[PDB]
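None of the figures in this text is laboratory data; all of them are computed from the coordinates on show. Note that we place each Cβ from the backbone using ideal geometry, even for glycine, and neighbour counts take in every protein chain shown.
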Amino acid sequence: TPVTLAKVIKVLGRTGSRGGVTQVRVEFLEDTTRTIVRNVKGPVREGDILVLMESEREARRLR
Amino acid sequence: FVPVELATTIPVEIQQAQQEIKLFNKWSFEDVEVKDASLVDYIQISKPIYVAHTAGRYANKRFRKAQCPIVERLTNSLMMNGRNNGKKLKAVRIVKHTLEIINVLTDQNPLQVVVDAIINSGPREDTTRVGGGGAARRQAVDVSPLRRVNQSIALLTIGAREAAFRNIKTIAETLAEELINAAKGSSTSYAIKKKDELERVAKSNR
Amino acid sequence: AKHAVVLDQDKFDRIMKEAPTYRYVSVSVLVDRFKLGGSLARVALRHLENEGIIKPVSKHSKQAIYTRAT
Amino acid sequence: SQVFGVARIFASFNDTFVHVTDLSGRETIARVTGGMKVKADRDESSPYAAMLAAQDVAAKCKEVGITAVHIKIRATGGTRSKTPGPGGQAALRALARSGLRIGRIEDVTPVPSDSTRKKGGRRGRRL
RNA sequence: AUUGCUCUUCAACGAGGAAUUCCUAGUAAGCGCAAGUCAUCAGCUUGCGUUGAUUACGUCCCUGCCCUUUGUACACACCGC
RNA sequence: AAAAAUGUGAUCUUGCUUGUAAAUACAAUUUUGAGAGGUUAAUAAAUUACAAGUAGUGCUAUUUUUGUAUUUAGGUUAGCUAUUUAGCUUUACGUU
Ligand SMILES: [Mg+2]
Ligand SMILES: [Mg+2]
C-alpha cells in the first residue's frame, strides 16, 4: 500500500454543499514544496498531518 | 524504596507503586510512541494520569478533546447506550479489565497495544454525500487526524458491544480481543472491517 | 439448549488436562471451548485456584481473570 | 518504433464511443462504446462507463499490437449540440492511464457552414 | 381489580421497516427524589440534585424563517384571481 | 474393512447407447366468509433398479477367521451492485 504522508500549511475555507468538509492547502512531509489543495473531512488545524492513498489529485469546491 | 510510616497505615504493594515512577493504575505509562505523524499529538500518551477518570472540561473550545487521555476516551465510548449511559465507574472498571487481559496475553504493554489498535482503526479517506443536482454521488475526502482517531475509538467500542449482545464474552474481554486484532491487523475485527470497507468506497469514488 | 452442561468424570479429566496452558482462563474462555456451562466453569476455575497451577489477576464477580503459574 | 492509431472518441450526449483505427481510417481495431460496458440505458454517456470502454479499447489494441494513438474527438455535430459530451474527457483520461501513448489531439466535430434546419421547431423544445 | 402487599400465571418482545423527534456541557442520556393535583391513587408535571458521555464548534444540501432585487391581471392578498 | 483359503472355459469391474420399477410426502397462515367446476395450458427431472451390444474383461465370485465400529469425514447455488480478490440479499419463474 503506497501511502503519502501530508501536512497542513493553510486552511483554504470550509466547503461542501453541507458543512462537514474543508479545503486545505497541503505541503507533504517527504519531498516538500509541492502544494496541493485537498479536501479534509474532520476538525483541521495548521500543522496537522494527513494520511492518504491518492496524492496528486487536486480537489475543488463541491456543488 | 523508603516506606514512610503514616499513622493511617497503607498497604505495602500500594506504597511500592508510588512516587519513584509516574505509573498508570499499577504498571508504567511510559514508551508507546506512535511513529505515525497525524496520530501523534491527538493520541496523547504524553500526559501521565493515574486513573481513567477526571472532571475534564474538555468539551469547551474545540481541540481540547485531543489532550483528553486515551483511556478516558475509551471509557466514554464504552459508556454508550441508554441502559449503560452515564455509569463512568463501570466503564473504567471494564477498561482496567481489558488492560489486565492485554497484559496477560503475550506480556507487552497494554496501553501500547491499545494505541496500535487505534492507529489501525483510523480510516484514511472517507466519503461525504454531495448534492450535485439531485443524485447521491459521494466524493471521496481525506480524514482529519483527530476525526480519524475518534472514528477508531468508536468502531472498536461498537464491535465490543456487538460481541457482548447475547454472549458470555464479557464486554471488556471482547474489547481486548478487538484491540489485539487491530494490533495484528487481521481484518477479523469489526472496526478493521469497517475501515477496509470505507477505503474500498473511497477507491471506488476517485 | 445447545448442550455443554452435562457433567462427567471424563469431562473433568479433560478439563484438568490441563490448567497449565492458556494465557488467561476466564469463565467466558472456558465456555465455549465447549466446556461445562457457566457455573460449572466458574467452579472449575475455583478448583484450579486451590493449590497453585493457575494464579489470579482480577477477583471481581463474573470478570474473573486467571493465568498459569508460576 | 511507435505503432500508431487514431483514437476517435465520438462523445455525444447520452453515449460515448472509442473507435481506434489505422491512419487511413478503413481498418479498425476496437469500437468500444459506453452503453456496451454498462447495461443501464441511463448510464451510457456517464463517465465511469466511458472509462471502462476506453480501457477495453486499450486492451484490444494491446492484444492486436499498437503503441500510440492520435486523439480525434467528435461531438454529435451539425443539427445537435456541437458540445463534447460528459465522457469524452473521462475516456481520454482512461486512455492516458492505460499507458497507450498519445500524440496530436484534435476535435474534428463537423461544425458546418450554415446547417440544414435544426431540432425543435421555431418555439423550440419545451420541457 | 382505587392503591398497597402475599402466593400463584408466566404472554408478547433477541434492539424494531417507511419515516421522524431531541440534543452542543455539568448539557445529552441514565437515575431517583420533589411538590402540584390529593380522602385514596403516578407511568403525568413543575422543580431538584446524583451519575455523566459520544460528535460539531461548520454550512446553507434539506426544512423553516428573514431580508434584497426582480415579476404580478393578487389587496377577503394563492384556500388569491 | 483386515485375514486365511476353496473354484470359474486364465481373471477381473472404467463407463458408454436402450425400457420399465420407484422416493419430491402431509398441509395450514392465506386465497373474495361455505359447496362445486379445471393440478386449465404446460410437463417429466437424474436419482436409484434389473437385465442388453462387450470397448473392457471369460459372465456369474464361493467356504472360514478379528473386533462395540477402527471406517477414510465435512460442504456446494440464484440474483443484484463501480464497495467487483468487496458490499447486500441469498432454492428464482404467474402469487405463498
Ligand atoms: Mg420465565
Ligand atoms: Mg397526572
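Values for this structure:
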read-out: Pairs of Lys in chain D closer than 20 Å at Cα, counting only those 8 or more apart or on different chains; value: 7
read-out: Cα-based helix-to-principal-axis angle, D:87-98 vs chain D, degrees rounded to 10; value: 10 degrees
read-out: Cα lying deepest toward the dipole's positive end in the protein assembly as shown, options D:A40, B:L74, D:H70, charges on Cβ; value: D:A40
read-out: Over chain C: Kirkwood hydrodynamic radius from C-alpha pairwise inverse distances, Å; value: 12.2 Å
read-out: Estimated 222 nm signal from helices in chain C, with DSSP H stretches of n ≥ 4 weighted -39500 (n - 2.57), rounded to 500; value: -8500 deg cm²/dmol
read-out: Over chain A, equivalent-ellipsoid semi-axes from the Cα gyration tensor in Å; value: 19, 12, 10
read-out: At most 14 other Cβ within 10 Å, DSSP loop - trypsin sites (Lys or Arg not before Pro), region D:53-127; value: D:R104, D:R117, D:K118, D:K119, D:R122, D:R123, D:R125, D:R126
read-out: Between region A:36-55 and region B:101-157, the alpha-carbon center distance in angstrom; value: 15 Å
read-out: Selection from A:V8, A:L62, A:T32, by position along the positive dipole direction of chain A (Cβ); value: A:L62
read-out: Dipole magnitude (debye, nearest 20) for chain B, charges at Cβ of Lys, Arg, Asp, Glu; value: 1320 debye
read-out: Reachable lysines from B:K87, criterion Cα separation under 23 angstrom, eight or more residues apart if same chain; value: B:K26, B:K65, B:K96, B:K169, C:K59, C:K62
read-out: The protein assembly as shown: C-alpha gyration tensor shape, a/c 1.5 cut-off, then a/b vs b/c; value: prolate
read-out: Sequence-distant residues sharing a close amide H with C:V25 (under 5 Å, placed H); value: C:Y66, C:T67
read-out: Check: the protein assembly as shown dipole with +1 on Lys, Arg Cβ and -1 on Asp, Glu Cβ, in debye; value: 2960 debye
read-out: Relative pair counts by distance (%), Cα atoms of chain D, 5 Å bins; value: 2, 12, 20, 21, 17, 12, 7, 4, 2, 1, 0, 0
read-out: Listed residues B:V51, B:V114, B:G132: farthest to the positive end of the dipole of region B:1-146 (Cβ charges); value: B:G132
read-out: Once the Cα gyration tensor of region B:41-135 is diagonalised, semi-axes √(5λ) in Å; value: 28, 18, 16
read-out: Estimated vicinal HN-Hα couplings, Hz - region B:192-206 in sequence order (Karplus 6.51, -1.76, 1.60; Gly, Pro = x); value: 4, 4, 4, 4, 4, 4, 4, 4, 4, 4, 4, 4, 4, 9, 8
read-out: Estimated [θ] at 222 nm from DSSP helical runs (n ≥ 4, -39500 (n - 2.57)) normalised by residues in chain B, nearest 500; value: -14500 deg cm²/dmol
read-out: Reach of B:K203 by Cα under 19 Å, taken over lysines that are not fewer than 8 positions away in the same chain; value: A:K41, B:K193, B:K194, B:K195
read-out: For region B:148-157, Karplus couplings with θ = phi - 60° (6.51, -1.76, 1.60), whole Hz, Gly/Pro x; value: 4, 4, 4, 4, 4, 4, 4, 5, 4, 4
read-out: Unit charges on C-beta of K, R, D, E only; dipole of chain C, Debye; value: 280 debye
read-out: Separation in nanometres of the label points that stand 7 Å from Cα toward Cβ, at A:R60 and B:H53; value: 5.6 nm
read-out: Dmax and Rg, reported as Rg then Dmax, of chain B (C-alpha, Å); value: 19.3, 76
read-out: Nearby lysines by direct alpha-carbon distance to C:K17 (threshold 16 angstrom, same-chain neighbours under 8 apart not counted); value: C:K35
